[PDB]
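Take a look at the letters that make up each chain.
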Amino acid sequence: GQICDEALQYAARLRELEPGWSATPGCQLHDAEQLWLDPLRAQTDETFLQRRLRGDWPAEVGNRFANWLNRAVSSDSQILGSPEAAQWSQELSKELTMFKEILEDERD
Amino acid sequence: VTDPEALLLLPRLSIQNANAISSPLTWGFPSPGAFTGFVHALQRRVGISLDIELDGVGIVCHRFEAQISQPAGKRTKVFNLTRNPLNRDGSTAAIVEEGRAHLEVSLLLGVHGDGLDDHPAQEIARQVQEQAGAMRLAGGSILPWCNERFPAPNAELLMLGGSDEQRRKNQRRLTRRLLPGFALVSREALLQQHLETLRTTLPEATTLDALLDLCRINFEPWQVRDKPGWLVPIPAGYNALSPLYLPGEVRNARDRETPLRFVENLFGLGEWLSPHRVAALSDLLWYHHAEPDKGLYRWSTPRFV
Amino acid sequence: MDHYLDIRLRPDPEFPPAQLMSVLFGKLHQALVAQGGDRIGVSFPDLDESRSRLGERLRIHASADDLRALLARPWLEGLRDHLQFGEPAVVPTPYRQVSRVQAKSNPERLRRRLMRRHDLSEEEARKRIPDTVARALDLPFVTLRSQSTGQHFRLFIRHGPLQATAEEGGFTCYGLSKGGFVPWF
Amino acid sequence: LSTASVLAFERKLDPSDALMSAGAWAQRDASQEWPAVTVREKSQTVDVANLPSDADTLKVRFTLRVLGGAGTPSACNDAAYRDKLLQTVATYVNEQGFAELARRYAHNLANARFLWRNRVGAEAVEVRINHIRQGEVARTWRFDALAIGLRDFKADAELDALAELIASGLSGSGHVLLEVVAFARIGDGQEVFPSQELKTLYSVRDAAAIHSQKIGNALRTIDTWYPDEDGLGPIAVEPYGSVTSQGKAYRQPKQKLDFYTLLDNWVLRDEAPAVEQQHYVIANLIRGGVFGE
RNA sequence: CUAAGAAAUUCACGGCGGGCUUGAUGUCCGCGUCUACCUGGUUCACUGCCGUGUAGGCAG
């Protein structure tokens, strides 16, 4: 819970004092996976700018949170012999789903 | 102690040259008694004309920079002072050490009175937000907004009016603008059970306080114990050590209409938990309740979990 | 006019109703330019002003001979299996107009217009024509192919105010009002 | 118990890309010097298939091989699930071999549904279907203009032979290879529209063409009885029966008439549905995909 | 109605002169990424036009 809260606090502190978020040299992956730490609306936005300028969901965020939870704890092929590891895995899945539901409303 | 009808959110509030020390044993964030007294003074200024009440606060601390320095390879800190004017001669005689701090706090106030009953919703928030900008919240001035991206978002959020899913959506919408902060809540029950845990030798509360907030390193007969949270010692109200007096009795009182007492601080426990990790925001309001029979004058937060 | 034909869009698993509506509207304009005249108008009985939708019916107004000629022309060839037709019947109604609403929703076309009309510069045309001149329309639209240029354009359509009586006037080659009024029912 | 944790099916009825060509009418027997439709960059960036002045009709040549063996999955985890799926499809093909499915696929090959914008407004669309097993024709097929339609399916005097050929191929007892071309009179210089990439039109070398998945989607329009209605016509096979053009996803998971809900009680709970829904599940096994978890 | 209320750290400055880091080296062995998919959101809520003004008919 402290790791998830620290991640949420870092994500809130990153996209508050950095208004630069648009097309630029070296900003390709900062539009799809950067749906969390994404800037405001641009100056030359198009009509359907809800997908190419700011998608209305953390689309790449959930897989990244799942991969971070898988890399932060080295789960093995015998990590569910009792409910101790499986309970932490269920808690990690529930925390990832809660963070996804929270980040989905970020673009609105 | 009454649950409020509305949570009037005071926005990002830069306050400069605050009181850092705030207690004889702490030096960090200012006392929450300053916040409850600030809300009571704001009530005495605006709420009598607005026909409302104001009780609680949400202390979130978006940023905090102290006026300290770490002097030349030491593990401690010292305080930055301010040069005072001279005496009748050029002595620079007395230098009393008090700290300062700049903090960006944002409070949320519990309203009780006729908020929506006889008054509008945005106008009361506009009036209280332009009223709280001409006073001081902890011992230092409340800096106004002169920078860019003009917010003025005094969200006068209603709580008891609406369906339950709309109410939870309102709570998670108000928590969106508490984004980098950290709410401070008392944990008196935690200090009590942590006192009962180490009562094997001598169950002093001032020893359970002074051996919990630290990092107690203890090896294997090679680690530090697991940090349960962001535990801080805070002043949790006063405690009298002299009986009550009459208004004009005690020499040099602040005013000769209210009685005087000689009191002494009480040190409670507190936590800086993220605003996402609370069910409702009205769970984390600081009220000050007093028991004038004995000497306890305690501010705390009920329903803190 | 006095005779109307209702051509209903059969719903298509391959195409939305706007697609078949635009295709039949283009074939209607081709049949009207192959026919000529200013006496044939169109109406949309399933208009929704709230959802900005043209519905699934196209009601053509002309004389009986124009409907009976347009039934036997190959402007419906290939589209007899996409549509369903009624009979040429007499109208039962207030009147309204069917107007095309253009817009200067692009500052760049007016900028090149001012450059071509007064020999000015790009920066002077940028000061004279700013980007706030773009016109927003809450009107339904059909998408057809262009002639001289080849980029697909949307025709916005506005059904005018309902008036109890009709005025004398001609129509364009799209069935839209150039003075004429069509009965609304 | 439960289904397989991972299970997948390769597709059958393999389509290629459809090379477009332009020519004159009554030149259909000599479509070996018809120049391919060239895309040119002319200015606003447009991509128009400028047919030549001496070339009015469009011929879309593609090929199609059916494979057969729709029962056996690609990679199934459970060893107790492959045999029961094979027994299910075996009892299906033994009670009634998929001849009505092959009739509906033959009707999909009758009208040029693989043409999407280049089918509307056409005077006459003649699909020419060859059948080549050794390197030459075996029994060609010419199709009419009123039998084209889009929803009128019937036992025609020669569509039964095409349907029994598709059934004999799909049965798993000797595959077939059909060179399906389609002539259609569209209009001189009228912009026939193939598929487009991310404007950029999709182009195989020295021509323009249509994607294989679009032709396959047009060719598997079998699904008729879905619970909403059946008035507008048949839709294309999909596990959730989804259709983007109409805009509303049919075959909702609140009802148990979806593919994932019909196969799951077909093999486990042995709840065999009606013949049309069995046709739907089997036609959803001729398109492949990644089922299971 | 707030450990409330109150507050000028100031003036000046040569871091600086030197220098051998060097010698040697086996990254090895082995592998099934698979199956499916309508871009026909508008690759600009468009484009040159009768008068510098909105009033339009030829692949529009």
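- For this entry, the PDB record names cryo-EM as the structure determination method and reports a resolution of 3.43 Å.

### Quick word on the side chain of B:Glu271
Residues and elements named next belong to chain B.
Here's step 1: Following the sequence through the fold, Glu-271 ends up in strand β13 (residues 263–273).
Here's step 2: There is a polar contact of 2.9 Å between the side chain of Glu-271 and the side chain of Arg-187.
Here's step 3: Residues in contact with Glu-271, not counting those within four places in the same chain, are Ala-183, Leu-184, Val-185, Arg-187, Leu-190, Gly-229, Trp-230 and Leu-231.

### Some thoughts on the domain arrangement of chain D
Residues and elements named next belong to chain D.
Here's step 1: Here chain D is partitioned into domain 1 (1–10 + 70–97 + 222–293) and domain 2 (11–69 + 98–221).
Here's step 2: At the junction of the two partners, domain 1 supplies 24 residues and domain 2 supplies 19 residues.
Here's step 3: Mapped by element, the contributors of at least two residues to the side of domain 1 that touches domain 2 are α1 (79–95) and α6 (275–283).
Here's step 4: Top contributing element to the side of domain 1 that touches domain 2 by residue count: α6, with four residues.
Here's step 5: Looking at the side of domain 1 that touches domain 2, its residues break down into 12 nonpolar, seven polar and five charged.

### Describing the side chain of D:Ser212
Residues and elements named next belong to chain D.
Here's step 1: Looking at the element boundaries, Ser-212 is found in helix α4 (residues 212–219).
Here's step 2: Among the polar contacts made by the side chain of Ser-212, one reaches the side chain of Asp-17 at a distance of 2.5 Å.
Here's step 3: When sequence neighbours within four positions are dropped, the list of residues in contact with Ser-212 reads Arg-11, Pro-15, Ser-16 and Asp-17.

### As for the pattern of salt bridges
Here's step 1: D:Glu126 is the partner of D:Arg28 in a salt bridge, and the nearest nitrogen-oxygen pair spans 3.8 Å.
Here's step 2: Residue D:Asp152 is joined to D:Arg151 by a salt bridge in which the shortest nitrogen-to-oxygen separation is 4.0 Å.
Here's step 3: Through salt bridges with shared partners, a single ionic network connects B:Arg63, B:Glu65 and B:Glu104.

### Side note on the pairing of strand β5 (residues 125–129) of chain D
All names here are of chain D.
Here's step 1: Relative to strand β7 (residues 176–185), β5 runs antiparallel, the two sharing five bridges. Bridge assignment links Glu-126 to a residue of β7, and that residue is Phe-183.
Here's step 2: Bridge count for β5 against strand β6 (residues 141–142) is two bridges, and the pairing is antiparallel. Looking across to β6, one finds that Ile-129 is bridged to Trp-141.

So, how was this worked out
- Residues numbered from 1 in each chain as written, not as in the entry; some residues may be left out.
- Chains lettered and ligands numbered in written order.
- Part of a larger assembly, values for the part shown.
- Heavy atoms only, no water.
- Residues with missing side-chain atoms left out of burial classes, pairs and counts.
- Helix = DSSP H or I, 4+ residues; strand = E, 2+ residues; numbered from the N terminus.
- Polar contact = N/O pair within 3.5 Å; in protein donor to acceptor, adjacent residues only side chain to side chain.
- Contact = heavy atoms within 4.5 Å.
- Domains from an automatic or database assignment.
- Nonpolar A, V, L, I, M, F, W, Y, C, P; charged D, E, K, R; others polar.
- Salt bridge = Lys/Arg side-chain N within 4 Å of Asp/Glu carboxyl O.
- Pairing = 2+ DSSP bridges.

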